[PDB]
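Have a look at protein_19.csv; it's CSV, C-alpha atoms and all ligand atoms:
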```csv
chain,number,residue,atom,x,y,z
P,1,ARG,CA,37.4,139.9,0.5
P,2,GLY,CA,41.2,139.5,0.7
P,3,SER,CA,43.9,139.0,1.7
P,4,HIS,CA,47.4,138.8,3.0
P,5,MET,CA,46.5,138.8,6.7
P,6,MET,CA,43.0,138.2,8.2
P,7,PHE,CA,41.2,137.4,11.4
P,8,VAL,CA,37.8,137.2,13.2
P,9,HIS,CA,36.4,139.2,16.1
P,10,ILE,CA,33.5,137.4,17.8
P,11,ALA,CA,32.3,137.6,21.4
P,12,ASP,CA,29.6,136.6,23.7
P,13,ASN,CA,28.0,133.3,22.8
P,14,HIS,CA,26.7,132.2,26.2
P,15,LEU,CA,26.8,128.5,25.4
P,16,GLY,CA,24.6,126.5,27.7
P,17,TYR,CA,22.0,129.3,28.1
P,18,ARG,CA,18.5,127.9,28.5
P,19,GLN,CA,16.3,131.0,28.0
P,20,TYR,CA,12.8,130.9,29.4
P,21,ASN,CA,13.8,127.5,30.6
P,22,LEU,CA,13.1,126.4,27.0
P,23,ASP,CA,14.9,123.3,26.0
P,24,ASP,CA,14.5,124.7,22.6
P,25,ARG,CA,16.1,128.0,23.5
P,26,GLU,CA,19.2,126.2,24.8
P,27,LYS,CA,19.5,124.6,21.3
P,28,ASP,CA,19.3,127.7,19.3
P,29,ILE,CA,22.3,129.2,21.1
P,30,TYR,CA,24.4,126.2,20.2
P,31,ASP,CA,23.2,126.5,16.6
P,32,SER,CA,24.1,130.2,16.1
P,33,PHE,CA,27.4,129.2,17.5
P,34,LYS,CA,27.8,126.0,15.3
P,35,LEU,CA,26.8,128.4,12.5
P,36,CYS,CA,29.4,131.1,13.3
P,37,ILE,CA,32.0,128.4,13.5
P,38,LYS,CA,31.1,127.2,10.0
P,39,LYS,CA,31.5,130.6,8.4
P,40,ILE,CA,34.8,131.2,10.1
P,41,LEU,CA,36.0,127.7,8.9
P,42,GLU,CA,35.2,128.8,5.4
P,43,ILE,CA,36.7,132.3,5.6
P,44,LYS,CA,39.9,130.7,7.1
P,45,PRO,CA,41.1,133.9,8.9
P,46,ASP,CA,44.7,133.6,10.0
P,47,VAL,CA,43.6,134.3,13.7
P,48,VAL,CA,40.5,134.5,15.8
P,49,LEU,CA,39.8,137.0,18.7
P,50,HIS,CA,37.2,136.0,21.2
P,51,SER,CA,36.3,138.8,23.5
P,52,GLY,CA,34.9,136.5,26.2
P,53,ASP,CA,31.7,135.1,27.6
P,54,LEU,CA,32.0,132.2,25.2
P,55,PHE,CA,30.2,130.3,27.9
P,56,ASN,CA,27.4,131.4,30.2
P,57,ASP,CA,28.5,129.7,33.4
P,58,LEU,CA,31.4,128.4,35.4
P,59,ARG,CA,29.9,124.9,35.1
P,60,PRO,CA,28.3,124.7,31.7
P,61,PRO,CA,26.0,121.9,30.5
P,62,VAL,CA,28.2,119.0,29.2
P,63,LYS,CA,27.0,119.6,25.6
P,64,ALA,CA,28.0,123.2,25.6
P,65,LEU,CA,31.4,122.2,26.7
P,66,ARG,CA,31.7,119.6,24.1
P,67,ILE,CA,30.4,121.7,21.3
P,68,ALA,CA,33.0,124.4,22.3
P,69,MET,CA,35.9,122.0,22.3
P,70,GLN,CA,34.9,120.3,19.1
P,71,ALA,CA,34.5,123.8,17.6
P,72,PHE,CA,37.9,125.2,18.6
P,73,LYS,CA,39.7,121.9,17.9
P,74,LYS,CA,38.4,122.2,14.3
P,75,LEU,CA,39.6,125.8,14.3
P,76,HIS,CA,43.0,124.8,15.5
P,77,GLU,CA,43.5,121.8,13.3
P,78,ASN,CA,42.7,124.2,10.4
P,79,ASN,CA,45.8,126.3,11.4
P,80,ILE,CA,43.8,129.2,12.9
P,81,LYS,CA,45.3,130.6,16.1
P,82,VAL,CA,42.7,131.7,18.6
P,83,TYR,CA,43.0,134.2,21.4
P,84,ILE,CA,40.2,134.5,24.0
P,85,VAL,CA,39.9,136.7,27.1
P,86,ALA,CA,37.8,135.6,30.1
P,87,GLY,CA,34.4,137.2,30.5
P,88,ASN,CA,32.5,137.5,33.8
P,89,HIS,CA,30.8,134.2,33.4
P,90,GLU,CA,34.1,132.3,32.9
P,91,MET,CA,35.8,133.7,35.9
P,92,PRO,CA,36.2,131.3,38.9
P,93,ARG,CA,34.8,132.6,42.2
P,94,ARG,CA,36.4,130.4,44.8
P,95,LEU,CA,40.2,130.0,45.1
P,96,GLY,CA,41.3,127.1,43.0
P,97,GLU,CA,38.2,126.7,41.0
P,98,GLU,CA,39.0,126.6,37.3
P,99,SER,CA,37.3,128.4,34.4
P,100,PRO,CA,35.6,126.3,31.8
P,101,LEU,CA,38.0,127.9,29.3
P,102,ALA,CA,40.7,125.8,30.9
P,103,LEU,CA,39.3,123.0,28.7
P,104,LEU,CA,40.1,124.8,25.6
P,105,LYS,CA,43.8,125.2,26.6
P,106,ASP,CA,45.0,123.0,23.7
P,107,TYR,CA,43.2,124.9,20.9
P,108,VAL,CA,43.2,128.3,22.4
P,109,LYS,CA,45.5,130.8,24.0
P,110,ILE,CA,44.0,132.7,26.9
P,111,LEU,CA,45.1,136.4,27.0
P,112,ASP,CA,46.2,137.9,30.3
P,113,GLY,CA,49.1,140.1,29.2
P,114,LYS,CA,51.1,140.6,26.0
P,115,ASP,CA,52.1,138.4,23.0
P,116,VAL,CA,53.2,138.9,19.4
P,117,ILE,CA,52.2,136.8,16.5
P,118,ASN,CA,54.4,136.3,13.4
P,119,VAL,CA,51.4,135.3,11.3
P,120,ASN,CA,52.3,134.7,7.6
P,121,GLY,CA,53.9,137.1,7.2
P,122,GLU,CA,54.6,140.1,9.4
P,123,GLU,CA,54.4,141.1,13.1
P,124,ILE,CA,51.5,142.3,15.3
P,125,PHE,CA,50.9,142.8,19.0
P,126,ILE,CA,48.1,141.5,21.1
P,127,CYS,CA,47.4,142.5,24.6
P,128,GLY,CA,44.3,141.8,26.6
P,129,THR,CA,43.2,140.7,30.0
P,130,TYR,CA,40.4,138.9,31.8
P,131,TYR,CA,37.3,140.5,33.3
P,132,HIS,CA,38.1,142.8,36.3
P,133,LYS,CA,35.3,144.1,38.5
P,134,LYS,CA,34.4,147.8,38.8
P,135,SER,CA,36.3,147.7,42.1
P,136,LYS,CA,39.6,146.4,40.6
P,137,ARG,CA,39.5,149.4,38.2
P,138,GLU,CA,42.7,150.8,39.6
P,139,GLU,CA,44.4,147.4,39.3
P,140,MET,CA,43.6,147.7,35.6
P,141,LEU,CA,44.8,151.3,35.0
P,142,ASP,CA,48.3,150.1,35.7
P,143,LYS,CA,47.5,147.0,33.6
P,144,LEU,CA,46.9,149.3,30.6
P,145,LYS,CA,49.7,151.8,31.1
P,146,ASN,CA,52.0,148.8,31.3
P,147,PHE,CA,50.4,147.5,28.2
P,148,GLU,CA,50.7,150.8,26.4
P,149,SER,CA,54.4,151.2,27.2
P,150,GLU,CA,55.2,147.8,25.6
P,151,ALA,CA,52.8,148.7,22.7
P,152,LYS,CA,54.3,152.0,21.6
P,153,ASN,CA,57.3,150.7,19.6
P,154,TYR,CA,54.7,148.5,17.8
P,155,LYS,CA,52.9,149.8,14.6
P,156,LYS,CA,49.8,147.5,14.7
P,157,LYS,CA,48.5,146.9,18.2
P,158,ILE,CA,45.3,145.1,19.3
P,159,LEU,CA,43.6,145.2,22.6
P,160,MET,CA,41.2,142.6,24.0
P,161,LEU,CA,38.8,143.3,26.8
P,162,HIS,CA,35.6,142.1,28.3
P,163,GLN,CA,34.2,145.1,30.3
P,164,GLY,CA,31.6,147.8,30.3
P,165,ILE,CA,33.1,151.0,28.9
P,166,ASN,CA,31.5,154.4,29.7
P,167,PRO,CA,30.5,156.0,26.4
P,168,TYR,CA,29.0,152.6,25.6
P,169,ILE,CA,27.4,151.2,28.7
P,170,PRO,CA,26.2,154.2,30.8
P,171,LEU,CA,25.5,152.0,33.9
P,172,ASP,CA,27.1,149.8,35.0
P,173,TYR,CA,30.6,150.2,33.5
P,174,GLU,CA,34.1,149.4,34.7
P,175,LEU,CA,36.2,151.5,32.3
P,176,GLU,CA,36.0,155.1,30.9
P,177,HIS,CA,36.7,155.8,27.2
P,178,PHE,CA,39.4,158.1,28.6
P,179,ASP,CA,40.7,155.1,30.7
P,180,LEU,CA,42.2,153.3,27.8
P,181,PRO,CA,45.3,153.9,25.5
P,182,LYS,CA,45.4,154.2,21.7
P,183,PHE,CA,45.4,151.0,19.7
P,184,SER,CA,44.9,150.1,16.0
P,185,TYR,CA,42.0,147.8,17.0
P,186,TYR,CA,39.9,147.5,20.2
P,187,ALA,CA,38.4,143.9,20.1
P,188,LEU,CA,36.0,144.2,23.0
P,189,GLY,CA,33.1,142.2,24.2
P,190,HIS,CA,30.4,142.3,26.9
P,191,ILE,CA,28.1,144.6,24.9
P,192,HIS,CA,25.3,142.5,23.4
P,193,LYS,CA,25.0,144.6,20.3
P,194,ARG,CA,27.1,145.3,17.2
P,195,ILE,CA,29.2,148.5,17.8
P,196,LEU,CA,31.9,149.3,15.2
P,197,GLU,CA,33.0,152.9,15.3
P,198,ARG,CA,36.5,154.6,14.8
P,199,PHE,CA,38.3,155.8,17.9
P,200,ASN,CA,41.4,157.6,19.1
P,201,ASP,CA,43.7,157.1,16.1
P,202,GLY,CA,42.2,153.6,15.5
P,203,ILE,CA,39.0,151.5,15.4
P,204,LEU,CA,36.9,150.2,18.4
P,205,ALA,CA,34.9,146.9,18.0
P,206,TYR,CA,32.2,145.2,20.0
P,207,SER,CA,31.6,141.9,18.3
P,208,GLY,CA,28.2,141.8,20.0
P,209,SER,CA,26.3,138.7,21.1
P,210,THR,CA,25.6,135.8,18.7
P,211,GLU,CA,21.9,135.4,19.6
P,212,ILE,CA,19.1,137.4,21.2
P,213,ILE,CA,20.0,136.8,24.9
P,214,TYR,CA,17.5,139.5,25.8
P,215,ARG,CA,15.0,141.3,26.5
P,216,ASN,CA,16.3,144.1,24.2
P,217,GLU,CA,18.5,142.9,21.3
P,218,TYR,CA,15.5,142.9,19.0
P,219,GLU,CA,15.7,146.0,16.6
P,220,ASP,CA,19.5,145.9,17.1
P,221,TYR,CA,19.3,142.4,15.6
P,222,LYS,CA,17.2,143.3,12.5
P,223,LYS,CA,18.7,146.7,11.6
P,224,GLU,CA,22.4,145.7,12.1
P,225,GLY,CA,22.9,142.0,12.6
P,226,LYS,CA,24.1,139.6,15.2
P,227,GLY,CA,27.3,137.6,14.9
P,228,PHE,CA,31.0,138.3,14.4
P,229,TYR,CA,33.1,140.9,12.6
P,230,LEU,CA,35.8,139.9,10.0
P,231,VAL,CA,38.9,142.1,10.1
P,232,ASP,CA,41.9,141.6,7.9
P,233,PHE,CA,44.8,144.0,8.6
P,234,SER,CA,46.4,143.3,5.2
P,235,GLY,CA,46.9,147.0,4.8
P,236,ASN,CA,48.8,149.7,6.7
P,237,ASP,CA,46.0,152.0,8.0
P,238,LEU,CA,42.4,150.7,8.8
P,239,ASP,CA,39.1,152.5,8.5
P,240,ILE,CA,35.5,151.3,9.0
P,241,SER,CA,35.9,150.1,5.3
P,242,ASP,CA,38.2,147.1,5.8
P,243,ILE,CA,35.9,145.4,8.4
P,244,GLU,CA,33.4,143.1,6.7
P,245,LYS,CA,30.9,142.4,9.5
P,246,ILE,CA,29.4,138.9,9.0
P,247,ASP,CA,25.7,138.3,10.0
P,248,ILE,CA,24.4,135.1,11.4
P,249,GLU,CA,20.7,134.0,11.0
P,250,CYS,CA,18.8,133.0,14.1
P,251,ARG,CA,15.4,132.2,15.7
P,252,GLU,CA,13.0,134.8,14.6
P,253,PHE,CA,11.4,137.0,17.1
P,254,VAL,CA,8.4,139.1,16.1
P,255,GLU,CA,7.2,142.2,17.9
P,256,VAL,CA,3.5,142.4,18.3
P,257,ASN,CA,1.2,145.3,19.4
P,258,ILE,CA,-2.3,144.1,19.5
P,259,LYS,CA,-4.9,146.7,20.4
P,260,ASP,CA,-7.4,146.7,17.4
P,261,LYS,CA,-8.3,144.3,14.6
P,262,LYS,CA,-5.8,146.0,12.3
P,263,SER,CA,-3.0,145.0,14.6
P,264,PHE,CA,-4.3,141.6,15.5
P,265,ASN,CA,-4.3,140.8,11.8
P,266,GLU,CA,-0.9,142.4,11.5
P,267,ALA,CA,0.6,140.2,14.2
P,268,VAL,CA,-0.6,137.1,12.4
P,269,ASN,CA,0.6,138.0,8.9
P,270,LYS,CA,4.0,138.5,10.6
P,271,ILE,CA,3.8,135.0,12.2
P,272,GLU,CA,2.8,133.4,8.8
P,273,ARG,CA,5.8,135.0,7.1
P,274,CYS,CA,7.9,133.4,9.8
P,275,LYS,CA,10.2,130.8,8.3
P,276,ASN,CA,10.3,129.1,11.7
P,277,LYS,CA,8.1,129.0,14.9
P,278,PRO,CA,9.0,132.4,16.4
P,279,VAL,CA,9.5,133.8,19.9
P,280,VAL,CA,6.9,136.6,20.2
P,281,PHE,CA,7.2,139.6,22.4
P,282,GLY,CA,5.7,143.0,23.0
P,283,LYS,CA,2.1,143.8,24.2
P,284,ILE,CA,-1.3,142.3,23.6
P,285,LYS,CA,-4.5,144.0,25.0
P,286,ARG,CA,-6.2,141.6,27.5
P,287,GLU,CA,-9.3,141.6,25.3
P,288,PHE,CA,-7.4,140.0,22.4
P,289,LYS,CA,-5.4,137.6,24.5
P,290,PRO,CA,-7.6,134.5,24.0
P,291,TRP,CA,-8.2,135.3,20.3
P,292,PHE,CA,-4.4,135.3,19.9
P,293,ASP,CA,-4.1,132.2,22.2
P,294,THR,CA,-5.5,130.8,18.9
P,295,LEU,CA,-2.0,130.5,17.4
P,296,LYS,CA,-0.4,128.6,20.2
P,297,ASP,CA,1.0,126.1,17.6
P,298,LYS,CA,2.5,128.5,15.2
P,299,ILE,CA,4.6,130.2,18.0
P,300,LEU,CA,7.5,129.1,20.1
P,301,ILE,CA,6.6,131.2,23.1
P,302,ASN,CA,4.5,134.2,24.0
P,303,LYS,CA,6.6,136.6,26.0
P,304,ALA,CA,4.5,139.6,25.1
P,305,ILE,CA,2.9,141.5,27.9
P,306,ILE,CA,-0.9,141.4,28.6
P,307,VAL,CA,-2.2,145.0,28.8
P,308,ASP,CA,-5.4,145.4,30.9
P,309,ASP,CA,-5.4,149.1,30.5
P,310,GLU,CA,-7.6,151.0,27.9
P,311,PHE,CA,-5.9,153.7,26.0
P,312,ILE,CA,-7.3,156.7,24.1
P,313,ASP,CA,-4.0,158.2,22.9
P,314,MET,CA,-4.4,158.4,19.1
P,315,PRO,CA,-1.9,159.3,16.5
P,316,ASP,CA,-1.2,162.8,15.0
P,401,MN,MN,27.9,138.4,27.4
P,402,MN,MN,29.7,139.7,30.0
```
Target format structure tokens, applied to this file:
Amino acid sequence: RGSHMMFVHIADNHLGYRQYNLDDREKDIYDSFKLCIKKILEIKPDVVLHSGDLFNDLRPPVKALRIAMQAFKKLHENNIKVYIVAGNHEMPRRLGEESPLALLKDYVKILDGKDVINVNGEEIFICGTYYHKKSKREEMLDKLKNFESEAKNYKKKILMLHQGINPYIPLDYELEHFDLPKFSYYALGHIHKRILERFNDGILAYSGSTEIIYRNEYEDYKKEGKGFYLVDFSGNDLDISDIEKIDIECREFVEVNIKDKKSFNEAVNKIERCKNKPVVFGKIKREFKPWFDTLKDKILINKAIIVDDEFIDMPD
């Protein structure tokens, strides 16, 4: 709970992303979003920190754009200052082309340098910048030293970035853990998975994506949770213990592995238990495919793999 000062660190929503070309997948993304926004409007943090990739394209579907203005307009009418850094998907490619973030200019401040927020009441230091490509790594080194210099005489200092770091995204990454200065809090984004762990005299954060945009984020979803992280900075120091990570419910995926009767019955009991039609993935032996075709109507989509091979490898 709390507090005296508080704020949210969310990232990666990918509004307008129509997975498996499913009209219905498009929708779920806006829902997890519209959801997150609802939590945050309750919690009323004094400021919000969006580590980028709010959108999923330089020219989003109109609805994604509207939902995102309506959202942040609400946030801003409710006296909550928002900072957002530009992710890869929000960076213009041709000279003069404009991000789709440049539609949230009135509700949101885009970080590309340094600023200090008086809050109520106190003083803290934000710096962050947009998404630079692996190549522009050098460009950035300077960017951070500069940042560091103006950040030293400042007790509480926050860093916003949308990039692949090296201890965290083995390939491909654009920065090294040893590339970046020492800050109270590292509000990053671009890693679609919740990653809160202390770091160089402060705490690093990877809000994570707000809905299973892969193709991986399965177990990560269920064990940890997708959504944002709620920080507060009411108190001097900060440990993993003053960061209340909020979870956000979404479309249920079920992993199947269908190879005997045991596991074909398993995969169904899991799909009964499902509150909503699920996206189902994993493997299904070819021989059971058409038996499982039997649940077409209880299932949003079947993105499991059909296995034509026969396996002997038992368990020990
Ligand atoms: Mn992303
Ligand atoms: Mn990204």
Next item on the list: Write out as a ChimeraX atom specification the residues lying within 12 Å of segment 89-96 of chain P, counting all atoms listed in the file and excluding same-chain residues fewer than 4 positions away.
Entry: /P:12-17,51-60,84-85,100-103,110,129-133,162-163,190
Once you have the residues from the selection above, write them out as a PDB file, keeping the file's coordinate frame, restricted to C-alpha atoms.
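Okay, this is what ended up in part-v4.pdb:
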```
ATOM      1  CA  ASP P  12      29.600 136.600  23.700  1.00  0.00           C
ATOM      2  CA  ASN P  13      28.000 133.300  22.800  1.00  0.00           C
ATOM      3  CA  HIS P  14      26.700 132.200  26.200  1.00  0.00           C
ATOM      4  CA  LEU P  15      26.800 128.500  25.400  1.00  0.00           C
ATOM      5  CA  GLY P  16      24.600 126.500  27.700  1.00  0.00           C
ATOM      6  CA  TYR P  17      22.000 129.300  28.100  1.00  0.00           C
ATOM      7  CA  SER P  51      36.300 138.800  23.500  1.00  0.00           C
ATOM      8  CA  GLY P  52      34.900 136.500  26.200  1.00  0.00           C
ATOM      9  CA  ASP P  53      31.700 135.100  27.600  1.00  0.00           C
ATOM     10  CA  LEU P  54      32.000 132.200  25.200  1.00  0.00           C
ATOM     11  CA  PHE P  55      30.200 130.300  27.900  1.00  0.00           C
ATOM     12  CA  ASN P  56      27.400 131.400  30.200  1.00  0.00           C
ATOM     13  CA  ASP P  57      28.500 129.700  33.400  1.00  0.00           C
ATOM     14  CA  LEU P  58      31.400 128.400  35.400  1.00  0.00           C
ATOM     15  CA  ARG P  59      29.900 124.900  35.100  1.00  0.00           C
ATOM     16  CA  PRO P  60      28.300 124.700  31.700  1.00  0.00           C
ATOM     17  CA  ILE P  84      40.200 134.500  24.000  1.00  0.00           C
ATOM     18  CA  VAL P  85      39.900 136.700  27.100  1.00  0.00           C
ATOM     19  CA  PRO P 100      35.600 126.300  31.800  1.00  0.00           C
ATOM     20  CA  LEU P 101      38.000 127.900  29.300  1.00  0.00           C
ATOM     21  CA  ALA P 102      40.700 125.800  30.900  1.00  0.00           C
ATOM     22  CA  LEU P 103      39.300 123.000  28.700  1.00  0.00           C
ATOM     23  CA  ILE P 110      44.000 132.700  26.900  1.00  0.00           C
ATOM     24  CA  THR P 129      43.200 140.700  30.000  1.00  0.00           C
ATOM     25  CA  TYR P 130      40.400 138.900  31.800  1.00  0.00           C
ATOM     26  CA  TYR P 131      37.300 140.500  33.300  1.00  0.00           C
ATOM     27  CA  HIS P 132      38.100 142.800  36.300  1.00  0.00           C
ATOM     28  CA  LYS P 133      35.300 144.100  38.500  1.00  0.00           C
ATOM     29  CA  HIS P 162      35.600 142.100  28.300  1.00  0.00           C
ATOM     30  CA  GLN P 163      34.200 145.100  30.300  1.00  0.00           C
ATOM     31  CA  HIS P 190      30.400 142.300  26.900  1.00  0.00           C
TER      32      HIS P 190
END
```
Item checked: Nearest candidate to ligand MN 402 (chain P) (options P:213, P:314, P:126, P:256; using only C-alpha atoms and all ligand atoms) -> P:213
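Reported to one decimal place, the separation of atom CA of residue 3 of chain P from atom CA of residue 43 of chain P is 10.6 Å.
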Next item on the list: Compute the distance from (41.9, 144.2, 26.6) to each atom, counting all atoms listed in the file, keep the residues with any atom at most 12 Å away, and return them as a PyMOL selection string; use the coordinates of the file.
Entry: chain P and resi 49-52+83-87+110-114+125-132+140-141+143-145+147-148+157-165+175+179-183+185-190+204-206
Next item on the list: Write out as an NGL selection string the residues lying within 12 Å of residue 193 of chain P, counting all atoms listed in the file and excluding same-chain residues fewer than 5 positions away.
Entry: :P and (10-13 or 168-169 or 188 or 205-214 or 216-229)
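We find atom CA of residue 40 of chain P and atom CA of residue 274 of chain P to be spaced 27.0 Å apart.
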Note to self: Measuring between all atoms listed in the file, which one of P:275, P:66, P:192, P:251 shows the shortest distance to ligand MN 401 (chain P)?
What the structure shows: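 Using all atoms listed in the file, the shortest distance to ligand MN 401 (chain P) belongs to P:192.
Here atom CA of residue 310 of chain P and atom CA of residue 282 of chain P stand 16.3 Å from one another.
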